[PDB]
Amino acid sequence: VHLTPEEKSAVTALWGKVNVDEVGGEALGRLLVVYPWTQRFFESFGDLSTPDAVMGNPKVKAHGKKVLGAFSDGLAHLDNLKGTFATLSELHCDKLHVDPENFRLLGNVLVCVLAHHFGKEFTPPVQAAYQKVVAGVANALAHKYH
């Protein structure tokens, strides 16, 4: 990871304005609306037949929280994303069997949600920093696969 003091600060100050539970569910849902094949991992979640069925699925919103929650504690360890997501990486591989490509997809969905919520504030230079972040996390969650 290569974040300069500047983009590090930017990434924290904007995330201090962020509602983690409302966005975790905003991002997990869009991820399942835009790239439908991802529902492959959520058969037990119920009805996912329409955009509103997905966005409003209580199980989807309940999960997006623990997801962006972990991703949120990860931002306090931007110098150690590898070990931070060490245990989560092992689980998504050995037990959940989740193609890592998906973490890459959630990362872009998130970025789209950040820009959407903060509007103009999510300037070009701010996006650049975040892209680095999601790339970092996605790669730390993929690290332990074998």
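In this text, residue numbers run from 1 along the sequence as written. By rigid core we mean the largest C-alpha set that fits within 1.5 Å across both forms.
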query	finding
In 4 other deposited structures of this protein, rigid core aligned: more displaced of 78 to 86 and 92 to 100 by C-alpha RMS	92 to 100
Comparing 101 to 109 with 88 to 96, the one whose average Cα B-factor in the PDB entry is higher	101 to 109
Mean C-alpha temperature factor, higher of 5 to 13 and 131 to 139	5 to 13
Criterion, highest CA B-factor; candidates, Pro51, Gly119, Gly83, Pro36	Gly83
Highest-ranked of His77, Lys59, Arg40, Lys66 once sorted by CA temperature factor in the record	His77
